[PDB]
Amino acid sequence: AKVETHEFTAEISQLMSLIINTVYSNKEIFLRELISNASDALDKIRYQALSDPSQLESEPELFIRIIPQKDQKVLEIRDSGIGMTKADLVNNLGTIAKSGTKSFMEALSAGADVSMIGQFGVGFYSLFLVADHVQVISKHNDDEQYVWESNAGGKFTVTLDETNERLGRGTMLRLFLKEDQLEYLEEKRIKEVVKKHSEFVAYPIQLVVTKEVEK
């Protein structure tokens, strides 16, 4: 029930600061990166389930789901992948992301396009192109549901989740969109971006659209 506060490694903190402030033109690539991450998580539970099919019982369906929350200025990206335990969420520290982070910053200084972020293994942080904070809600078969929260500063929190929908298994990124990036709440725009950048994905990409029933 306590909010545990933790500190990012310096390299991650520095990368988030670069990304949240960059004026890069092609911000829509964040969605490709997050879909790719969702797919990779799905691959991992599929791999487990091939050995042990009972691993799917927590959430039998394998999906990626995009849920615009217009009234909240939030975009949710949900998967039924393997998920993250509390210890996984706390351990972006002491992880391959440290290496990816530093190398990627050096590449940026050399002129690399921001769209190369996923080649360094740190495409998760591309969400700060369009969002000023994020909650990562996650449920792994081995642990309870937790929420990790970051505003691109030096600290993050991890809290036992007593306030969100039950995921069953997997991860949901809740992106609090920047005021100039609200185009990513619109059905038409999300479809365009998915079609352009995420043609080859093994799992259904479900878009949740809210429409008024009219006469």
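Each residue number is its position in the shown sequence, starting from 1. Note that the rigid core is defined as the largest set of C-alphas that superpose within 1.5 Å between two forms.
*Asks:* Fit on the core, then compare CA atoms: does 155-163 or 183-191 lie farther from this form in 9 other deposited structures of this protein?
*Replies:* Farther on average in 9 other deposited structures of this protein: 155-163.
*Asks:* To spell it out: superpose each other structure in 9 other deposited structures of this protein onto this one by the rigid core, compute Cα RMS over structures and residues for 23-31 and for 174-182. Which is larger?
*Replies:* It is 23-31 that deviates more in 9 other deposited structures of this protein.
*Asks:* Looking at the entry, does 155-163 or 32-40 show the higher mean C-alpha B-factor?
*Replies:* Per the PDB record, 155-163.
*Asks:* May I ask you to compare 197-205 and 17-25 by their mean CA B factor in the entry and name the higher one?
*Replies:* It is 17-25.
*Asks:* Among the choices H133, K73, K102, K86, identify the one whose CA B-factor in the record is greatest.
*Replies:* Going by the entry's C-alpha B-factors, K102 comes out highest.
*Asks:* Name the third of the chain's ranked CA B-factors that contains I82, choosing lowest, middle or highest.
*Replies:* Its C-alpha B-factor belongs to the lowest third of this chain's values.
*Asks:* Which third of the chain holds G94 when residues are ordered by C-alpha B factor: lowest, middle or highest?
*Replies:* Its C-alpha B-factor, which the entry lists for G94, ranks in the highest third among residues of this chain.
*Asks:* Mind checking which third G123 falls in for C-alpha B-factor across the chain?
*Replies:* Lowest third of the chain for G123's C-alpha B-factor.
*Asks:* Just say lowest, middle or highest third for the CA B-factor of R169 relative to the other modelled residues in its chain.
*Replies:* As the PDB entry reports it, the C-alpha B-factor of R169 lands in the lowest third of its chain.
*Asks:* Is the Cα B-factor recorded for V114 in the lowest, middle or highest third of its chain?
*Replies:* Highest third - that is where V114 ends up once the chain's C-alpha B-factors are sorted.
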